[PDB]
């Protein structure tokens, strides 16, 4: 009867960040970089595709609100042209797919706004949020929410596993994906929640 599935660093609050609009340039602790098209290079520079965590606090240049949860958000920036592929965050969980269970995956998705060194961050690359069992995408929200620059909206993915499902007892996973279907390609995620209830 445990209603929440544990997720590591689910609000990207690790690491703690003191300075408003300071961001890391390494994969967030507890997550891996999902990189099926090799858009994120092994050797990052100040100009490559990048990901990490950032502190949204009073005075932020990029949003019309604070973080949806805690201090930080997670971000994915892709430098390649629209259509070049996707990249994002992945985390395999310790829980496994169980039958007669409805899963609800909720994630806040954000659109970088404002300007950076007098350069507009307007535009949005699109997102996808996936619930996995093993390597199988059980359910996903592919870019259904329209999110204005500097704002956040909550995505909800749902999946019901029946006793006959082929992927029972495989490890659950979550992917948070930058679709790179537009620029500016900066995308935020926050407050990942996976909850369960009887089907």
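Residue numbers count along the first chain shown, from 1.
S.K.: Could you check the entry and say whether 89-97 or 117-125 has the higher mean CA B-factor?
M.R.: Stretch with the higher mean C-alpha B-factor: 117-125.
S.K.: Comparing 48-56 with 163-171, which stretch shows the greater average C-alpha B-factor in the deposited entry?
M.R.: It is 163-171.
S.K.: Rank-wise, by C-alpha B-factor, drop residue 9 into the lowest, middle or highest third of its chain.
M.R.: Lowest third of the chain for residue 9's C-alpha B-factor.
S.K.: Could you say whether, by C-alpha temperature factor, residue 190 belongs to the lowest, middle or highest third of its chain?
M.R.: Lowest third, going by the recorded CA B-factors of the chain.
S.K.: Check where residue 135 lands among this chain's C-alpha B-factors and tell me if it's the lowest, middle or highest third.
M.R.: Highest third.
S.K.: Within this chain's modelled residues, let me know which third the CA B factor of residue 144 belongs to: lowest, middle or highest.
M.R.: As the PDB entry reports it, the C-alpha B-factor of residue 144 lands in the middle third of its chain.
S.K.: Is the Cα B-factor recorded for residue 82 in the lowest, middle or highest third of its chain?
M.R.: According to the entry, residue 82 has a C-alpha B-factor in the chain's highest third.
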